[PDB]
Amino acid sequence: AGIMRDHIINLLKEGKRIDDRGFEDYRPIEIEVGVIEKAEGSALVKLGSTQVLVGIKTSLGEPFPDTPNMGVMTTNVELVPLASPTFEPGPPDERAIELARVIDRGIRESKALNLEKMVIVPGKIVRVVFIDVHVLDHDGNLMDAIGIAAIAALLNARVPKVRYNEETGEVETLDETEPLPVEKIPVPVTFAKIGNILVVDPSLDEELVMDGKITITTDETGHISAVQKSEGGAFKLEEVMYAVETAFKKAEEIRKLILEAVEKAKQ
């Protein structure tokens, strides 16, 4: 507690982190998909001791007036009190809200979940996809853990095949399932700036002492689908550039783990 900043900063000066990770290393990652078998998709992600579960549940509903040709996606993050003594019961606080929105943006704006492929009857009946993020243990870097889990759960998702019967005019939900139209794999990569040093995948102890933080979310295609400098501090333009570039590299290493987990659950 503040004793910790000095130790962390000084270690950083010696090119070291408290857990012996490099500046660009993630803590060990565990991705396990399809763990909530009742849900349509799910992913348990562990970044070291940070654990987050994401469940995907889908139903059929009306699209938004403005977008009758798009299915619906909605992202909620529950910072459940059990995950952290800083997490209090109640509606999402600004941390949960920013996590949800940045992760949603990463998926939405990359069209990683293609909402256009989620229409059953244009303007009337679309697939509605709830990305429900249950943070189970907060040991730092919720943003990446939540985005990894979110996209891994979407990749894991199998949803009822739905057919609009052209003769009765009814929609029929079949037993056969199909994947969701997941077309990109955006992965947030998040850096803590501590003094003049950025360190990827900050643990809680690093988040406790960081100046500021920046999340770059990128897909397989070399595109950035979200960026969010979060908390205070300031970044130099060259730090951002570094972050973007390093993000793409780390995101790719993470995408491989995601695809592997996703594929393993089909074994």
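Just count from 1 along the sequence shown to find any residue number.
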ask   = With respect to the recorded C-alpha B factors, which stretch has the higher mean value, 100 to 108 or 187 to 195?
value = 187 to 195
inquiry  = Quick check: 230 to 238 versus 62 to 70, which has the larger average CA B-factor in the record?
reply    = 62 to 70
inquiry  = Just the C-alpha B-factor column, please: which of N156, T168, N76, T86 has the biggest number?
reply    = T168
ask   = Mind checking which third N114 falls in for C-alpha B-factor across the chain?
value = middle
key: Third assignment of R27 from its chain's C-alpha B-factors   = middle
query = Going by the entry, which third of its chain does the Cα temperature factor of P160 land in?
reply = highest
query = With respect to C-alpha B-factor, does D201 fall in the lowest, middle or highest third of the chain as deposited?
reply = lowest
message = Taking only the Cα B-factors deposited for this chain, tell me whether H138 sits in the lowest, middle or highest third.
response = lowest
